[PDB]
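Only one structure is covered here, and it is reproduced in the block below.
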Ligand SMILES: NC(=O)c1ccc[n+]([C@@H]2O[C@H](COP(=O)([O-])OP(=O)(O)OC[C@H]3O[C@@H](n4cnc5c(N)ncnc54)[C@H](O)[C@@H]3O)[C@@H](O)[C@H]2O)c1
Ligand SMILES: NC(=O)c1ccc[n+]([C@@H]2O[C@H](COP(=O)([O-])OP(=O)(O)OC[C@H]3O[C@@H](n4cnc5c(N)ncnc54)[C@H](O)[C@@H]3O)[C@@H](O)[C@H]2O)c1
Ligand SMILES: NC(=O)c1ccc[n+]([C@@H]2O[C@H](COP(=O)([O-])OP(=O)(O)OC[C@H]3O[C@@H](n4cnc5c(N)ncnc54)[C@H](O)[C@@H]3O)[C@@H](O)[C@H]2O)c1
Ligand SMILES: NC(=O)c1ccc[n+]([C@@H]2O[C@H](COP(=O)([O-])OP(=O)(O)OC[C@H]3O[C@@H](n4cnc5c(N)ncnc54)[C@H](O)[C@@H]3O)[C@@H](O)[C@H]2O)c1
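Chains as they are written, first to last, in this note's numbering: chain A, 1 to 324; chain B, 1001 to 1310; chain C, 2001 to 2271; chain D, 3001 to 3268.
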């Protein structure tokens, strides 16, 4: 623990200026309550939740008997649904996603950032349980109707649905038709997601850069007026570092990319190490662990105290809350 | 009043108490403060374009023709000289504010709602442009979907010409999405709008595409001089609107619009604290609504009960 | 003027070259004593409320009547108002004689159909999705808004507000054919007003085309008064080359047939 | 296959048969497959070398970072070649197509039509739609290099495909009209090709029986899987498989091309 903390401190000390600025911005958004987390399949896989390539390859085994491009990801489930029946599709869905898995530490770190909302394409309930444990209530929206009757100000928006109503394929977006008619089938959910993106600070965690949903979001963001939105933060946790060409392309596309592999060296299959590196960097920056010089000490104290310069006297009891 | 009107009042007041009431204020409320109606601008454009002096499509066409012909400078100058006039804030603006709306969406370019919010001591983050959406300093929005003249009395800051309406979804994606989200997640009351209004019917067309029971029917405060024909009410209520008719609300003249608006506004406000229970069944229903959640607890302190009943 | 004669010369060259298609509207059908649309709108309004129309009302009133009274009443009114033997007015004969490549008509009557049949000029009539795929002829008489060939019902026609709302979804093949014919031929807009809903929709579509990637359609404005200069320039920059019958000749308000006949026969002679 | 060849022969005799020539036919003429040029782009970006997304993205990434000049330079060095027209070109033209629609941006089909004596008003840009001087059309729906080997004249990157309708309204309208008014036979197209699937997505919007189901000539080595065949025939494509039509070698594609084309021609 102490060794890991010291190594994280050294990593922060040798961190690049752009990455430290990104960390500062994310921490400021968290302090302001305007931080939204967009969780992908990486966080779900961190809890060994069934991966989608597995589902697609069982579908392909049923279709052709021998067990995958990105287009295939949507075509194969569609071919199974059409050639086969919806009953077999739903049976596979239930047999595979009808499992109970723990909430890996990345869920805890995501919830510990105090995100205003947690958007996710994951049909699992890991994030819901994680927010239940922490005692903060998130109104879960996974169907069109759920949008209207939202109980709380904080949203847990599963943009692709989930299996709360049942392990049926009409509850989730998995096949090609679901994606083609998503705008027509999920008007309210899509509008809510876009509004949350526009009004909040979005951090993409668990997504590959070439993911379908990320590219769709960037396509939509292209339409927005220049400088009318804040560039979302993209936590990239792929094994190998990010190529400079891809990094520049996707940063010009509208992302501020924090590459986990570029901060901490780890084994090719040590995804949890990279997720933890990024999330722990953010959390410790939140937890004042990385402030060492007296200059940063004065800056932190001033940031906490200066607003109180407007008041004539501050109760000593209040000073406790002033310093959390 | 009629049972359906009382039900609309109850729903509106419950939403206002819960903080989930959004007010969609049209041009009628602004005109209530003598603000120049758009038809005045359209007639001025027609008089400048032709010898002298409008359909719904002409509303957008004549400004568009004047633009294309006489220049953005001329269009802008007409708008500036016609709109750069200070006006007072109506008692109906203050009634709307006193309803405690979560958000106030409006298709008005004036600051009358802005001035009323500033006077009433209500802090709303004003969203009149695309950049304002991300810069919203508060969680309650005063959303001018058609822009305004805060940046300047320019024709590019507001949606007046036909081209502006044609490319609205492309020029105001953030604002349009925000309006649709607020409509979906809130209780919407339309005031100052004609039932055949362009914006109202565009919103109804959008709602047509939603799921059958995935949204709450917006409340439409209709304040035209004559009572709504039963055929029109049937047509528009089947389209997702719950209409509170002011003409049916009270007897009034043909051109006393302030009284018609104030009837509905006051009837809503005074019902804010009204239990709306007269028979014993309603009283017992209200008491059960107050006391049933406490059935989970084994015992309730009597001194606590005062908070249960406010 | 140079403009009028040059436009008519262009029309005649299109006719001679064989790339001429006529977009026939409501005025041409109204000439031969055919109920104007606002007459049916007034009929629906009277049935709805008992007393008597903007562009939006044109669609909404039939839509309101269909929604409340029902589809059966809508179809009954349509039948009793449109089932009638009517004569092919001289403008039909003139347009046919101009040897159009195709006839694209927003009118749901059979007038142009009967004119073609009895005049010897054969067109494959396309008024429904099934027509486009299986049409014997290569030259189409395209009724974009359908007609009553199958039956006097509102489902075969585009009248209500919802019919115009879902036209692209409901008439993909017909709309594609119309736009292709507009792109690949010379369009003469006869029987339409400048502020027409259909004309403005077509101009909206044209606005999205590549700059000077098409030939501006010819708009025959057979209206009572002369066209205002500002309106004329506005609609000429919208991709329309307008030939006005209120400036070509002089007549009174009700001489609509005279305006049509003049603006058509003069072009015919110029060829 | 008998009914499909009967229908194709009927269309050819009547004159209402159109051919959709894909990249496969030009590849037959040793014209580089698209994935080869995608690998070329991927080599100058990351240094060392394919789904549809990457197909459209690698060119897009190179265009964005490297610039327009490098994109056009690679295009010029990659397409400044002359390739003989296959016997497949001649066989396809032997049916006297009403129109020929191809996504290939080469000039193989133009030269084949010239040599065989047929005349098609080749359309490859927007301004060519109005100026066409014939009812016969050769619709190059993805542009051409006739105006020069410039990136903006063709549709081969992600941005081009995304804004195709907004940039090719007339060409898209003409293609859809030709498909609706004719019977279409697809030749040299991947059964899972992006353009073919976009066409199928558009077709699923049309009302049932309002269009002739297009013929898809599949020339892959292995026979089309029964599940894939059933799915893509339900979608609206009548699939004729050359792999199952006659046994063939894996890398000998011309044999299946000729098998299908000559089985259609001899069926005349
Ligand atoms: N062709 C295919 O797409 C395919 C098919 C079957 C299996 N696989 C294998 O599955 C493995 C992982 O899933 P994927 O293929 O969808 O990755 P992916 O590259 O498609 O998804 C990448 C994103 O998901 C996260 N992620 C990926 N793998 C993870 C893992 N094992 N644990 C935790 N987070 C992970 C990463 O954070 C990354 O941002 C890969 O090694 C892949 O080779 C791939
Ligand atoms: N061409 C024109 O439309 C035109 C031009 C000049 C005058 N007028 C007449 O003057 C009045 C202008 O209003 P409109 O026709 O645009 O209404 P409208 O029907 O277009 O607007 C409807 C809404 O505006 C409100 N409203 C209407 N008139 C109002 C007024 N004078 N003061 C405050 N609120 C009002 C109503 O509450 C109603 O909900 C109308 O009575 C109209 O007949 C119309
Ligand atoms: N539409 C209405 O609500 C309304 C109200 C009063 C009068 N009118 C009548 O409408 C006619 C023209 O006005 P509009 O353009 O608004 O009508 P409209 O909506 O019928 O326009 C049809 C177009 O066709 C041509 N046309 C018009 N009347 C014709 C006729 N009798 N025969 C042949 N062609 C004709 C003109 O180009 C006209 O613009 C006049 O006869 C007028 O008496 C209509
Ligand atoms: N996940 C993936 O997508 C994946 C993975 C590994 C390999 N591959 C593919 O293996 C491919 C081998 O070729 P392919 O069959 O997939 O081609 P293809 O996918 O480009 O199919 C193109 C079409 O053109 C025709 N064609 C293909 N090759 C031809 C040739 N040499 N000559 C004439 N016509 C030809 C084919 O019959 C097919 O109709 C590579 O292009 C590569 O993309 C794909």
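Cβ coordinates follow ideal geometry from the N, Cα and C atoms, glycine included.
Is the CB-CB distance between residue 254 (chain A) and residue 297 (chain A) below 9 Å? If you number the first chain from 1, residue 254 (chain A) lands on position 254. If you number the first chain from 1, residue 297 (chain A) lands on position 297. In this structure, residue 297 (chain A) does not lie closer than 9 Å to residue 254 (chain A) by Cβ.
Proximity to residue 3025 (chain D) [Cα-Cα], best of D:3263, D:3265, D:3267, D:3258: As a first step, residue 3025 (chain D) must be located in the fourth chain, where it is residue number 25. Per the Cα distances, D:3258.
My parser needs the beta strand (DSSP E) runs of 3 or more residues fully inside the segment 1095 to 1119 of chain B; what are they? 1103 to 1106
Coarse secondary structure for residue 3122 (chain D), derived from DSSP in three states: Counting from one through the fourth chain, the residue named residue 3122 (chain D) turns up at place 122. Residue 3122 (chain D): strand per DSSP, three-state reduction.
Taking residue 3211 (chain D) as the query, report the chain C residues whose CB atoms sit under 7 Å from its CB, ordered along the chain. Position 211 of the fourth chain holds residue 3211 (chain D). The contacting residues are 2133.
Burial state of residue 3234 (chain D), where buried means 16 or more other Cβ atoms lie within 10 Å: The residue given as residue 3234 (chain D) occupies position 234 in the fourth chain. Exposed: under 16 other Cβ atoms inside 10 Å.
Please classify residue 3188 (chain D) as buried or exposed, where buried requires at least 16 neighbouring CB atoms within 10 angstroms. In the fourth chain, the residue the question calls residue 3188 (chain D) occupies position 188. Classification for residue 3188 (chain D): buried.
Cβ contact check for the segment 1218 to 1236 of chain B and the segment 1165 to 1180 of chain B: 3 or more pairs under 8 Å: no
Euclidean distance between Cα positions of residue 202 (chain A) and residue 23 (chain A): In the first chain, the residue the question calls residue 202 (chain A) occupies position 202. In the first chain, the residue the question calls residue 23 (chain A) occupies position 23. The straight-line gap from Cα to Cα measures roughly 13 Å.
How do the segment 120 to 131 of chain A and the segment 103 to 110 of chain A stand: do at least 3 beta-carbon pairs fall below 8 Å, yes or no? With a cut-off of 8 Å, the segment 103 to 110 of chain A and the segment 120 to 131 of chain A count as touching, because enough Cβ pairs lie within range.
So, is the C-beta of residue 11 (chain A) closer than 9 Å to a C-beta in chain D? By 1-based counting over the first chain, the position of residue 11 (chain A) is 11. It does not; no Cβ of chain D falls within 9 Å.
Residue 1147 (chain B) and residue 1067 (chain B): beta carbons closer than 9 Å? Locating residue 1147 (chain B) in the second chain gives position 147, where the first residue counts as 1. Locating residue 1067 (chain B) in the second chain gives position 67, where the first residue counts as 1. Taking 9 Å as the Cβ cut-off, residue 1147 (chain B) and residue 1067 (chain B) do not qualify as a contacting pair.
I need the DSSP call for residue 2078 (chain C), collapsed to helix, strand or coil. Translated into positions along the third chain, residue 2078 (chain C) becomes position 78. Here residue 2078 (chain C) sits in helix by DSSP.
Any idea if residue 40 (chain A) is buried or exposed, counting beta-carbon neighbours within 10 angstroms, 16 or more meaning buried? Here residue 40 (chain A) is taken as the residue at index 40 of the first chain, counted from 1. Label assigned to residue 40 (chain A): buried.
Run of the beta strand (DSSP E) containing residue 3241 (chain D), from where it starts to where it stops: Working through the fourth chain from its first residue, we reach residue 3241 (chain D) at position 241. Residue 3241 (chain D) -> beta strand (DSSP E) spans 3238 to 3241.
With a threshold of 9 Å between beta carbons, is residue 2225 (chain C) in contact with chain B? Stepping through the third chain from its first residue, residue 2225 (chain C) is reached at position 225. Judged by the 9 Å Cβ criterion, residue 2225 (chain C) is not in contact with chain B.
What residues from chain C crowd round residue 3080 (chain D), counting only those whose CB sits closer than 9 Å? For the purposes of this step, residue 3080 (chain D) is taken as the residue at position 80 of the fourth chain. What residue 3080 (chain D) touches in chain C: nothing, since even the nearest Cβ is about 27 Å away.
The segment 3119 to 3152 of chain D: positions lying closer than 8 Å to chain A by Cβ: none
In angstroms with no decimal places, state the Cα-to-Cα distance between residue 318 (chain A) and residue 223 (chain A). Here residue 318 (chain A) is taken as the residue at index 318 of the first chain, counted from 1. Here residue 223 (chain A) is taken as the residue at index 223 of the first chain, counted from 1. Rounded to whole angstroms, residue 318 (chain A) to residue 223 (chain A) spans 47 Å at the Cα level.
Among B:1065, B:1070, B:1031, B:1020, nearest to residue 1258 (chain B) - alpha-carbon criterion: Here residue 1258 (chain B) refers to the residue found at position 258 when the second chain is read from its first residue. Between residue 1258 (chain B) and the set B:1065, B:1070, B:1031, B:1020, the nearest pair of CA atoms involves B:1031.
Would you give the residue range spanned by the alpha helix (DSSP H) that residue 2179 (chain C) belongs to? Taking the third chain and counting its residues from 1, the one referred to as residue 2179 (chain C) is at position 179. Taken as a continuous stretch (DSSP letters only), the alpha helix (DSSP H) holding residue 2179 (chain C) covers 2172 to 2184.
With C-beta atoms as the reference, is residue 101 (chain A) less than 9 Å away from residue 48 (chain A)? Position 101 of the first chain, counted from the first residue, corresponds to residue 101 (chain A). Position 48 of the first chain, counted from the first residue, corresponds to residue 48 (chain A). Result yes, Cβ atoms of residue 101 (chain A) and residue 48 (chain A) sit closer than 9 Å.
When you check each C-beta in the segment 2039 to 2058 of chain C against every C-beta of chain B, which residues fall closer than 8 Å? 2048, 2049, 2054, 2055, 2056, 2057
Within the continuous alpha helix (DSSP H) that includes residue 2034 (chain C), where are the two ends? As a first step, residue 2034 (chain C) is located in the third chain; it is residue number 34 there, counting from the start. Per DSSP, residue 2034 (chain C) belongs to no alpha helix (DSSP H) and is neither H nor E.
Step through the CB atoms of chain C and report whether any lies within less than 9 Å of the CB of residue 1326 (chain B). Coverage of chain B is limited to positions 1001 through 1310, which leaves residue 1326 (chain B) absent and any answer about it impossible.
Of the residues that make up the segment 177 to 203 of chain A, which ones have a beta carbon closer than 8 Å to any beta carbon in chain B? 184, 187, 188, 191, 192, 194, 195, 198, 199
Any non-hydrogen atom of ligand 1 closer than 8 Å to residue 45 (chain A) Cβ: Walking along the first chain from the start, residue 45 (chain A) turns up at place 45. Because some heavy atom of ligand 1 lies under 8 Å away, the Cβ of residue 45 (chain A) counts as near it: yes.
What does DSSP give as the partner residue(s) for residue 3139 (chain D) in the beta ladder? Here residue 3139 (chain D) refers to the residue found at position 139 of the fourth chain. Bridge partners of residue 3139 (chain D): D:3101, D:3123.
What are the boundary residues of the alpha helix (DSSP H) that residue 1207 (chain B) is part of? Within the second chain, residue 1207 (chain B) is the residue found at index 207, counting from 1. DSSP places residue 1207 (chain B) in the uninterrupted alpha helix (DSSP H) bounded by 1198 to 1208.
Let me know the alpha helix (DSSP H) ranges lying completely inside the segment 1275 to 1310 of chain B, each 4 residues or longer, listed in chain order. 1280 to 1291, 1302 to 1308
Compute the Euclidean distance between the alpha carbons of residue 1135 (chain B) and residue 1126 (chain B), then round it to the nearest angstrom. By 1-based counting over the second chain, the position of residue 1135 (chain B) is 135. By 1-based counting over the second chain, the position of residue 1126 (chain B) is 126. Near 10 Å, if we compare the C-alpha coordinates of residue 1126 (chain B) and residue 1135 (chain B).
Could you give the first and the last residue of the continuous alpha helix (DSSP H) run that contains residue 31 (chain A)? As a first step, residue 31 (chain A) is located in the first chain; it is residue number 31 there, counting from the start. It spans 17 to 32 - the alpha helix (DSSP H) in which residue 31 (chain A) sits, taken as one unbroken run.
Using a Cβ-based criterion (distance less than 8 Å to any ligand heavy atom), does residue 2026 (chain C) qualify as near ligand 3? For the purposes of this step, residue 2026 (chain C) is identified with residue 26 of the third chain, where counting begins at 1. True, at least one ligand heavy atom lies under 8 Å from that Cβ.
Closer than 9 Å to chain A by CB, residue 3057 (chain D): Numbered from 1 along the fourth chain, position 57 holds the residue referred to as residue 3057 (chain D). Judged by the 9 Å Cβ criterion, residue 3057 (chain D) is in contact with chain A.
Neighbouring residues, chain D, relative to residue 207 (chain A) (Cβ below 8 Å): As a first step, residue 207 (chain A) is located in the first chain; it is residue number 207 there, counting from the start. Those do not exist, as residue 207 (chain A) stays about 14 Å from chain D at its closest Cβ, beyond 8 Å.
Would you tell me roughly how many angstroms separate the C-alpha atoms of residue 2136 (chain C) and residue 2060 (chain C), rounded to the nearest one? Mapped onto the third chain, residue 2136 (chain C) falls at position 136. Mapped onto the third chain, residue 2060 (chain C) falls at position 60. Taking the straight line from one Cα to the other gives about 37 Å.
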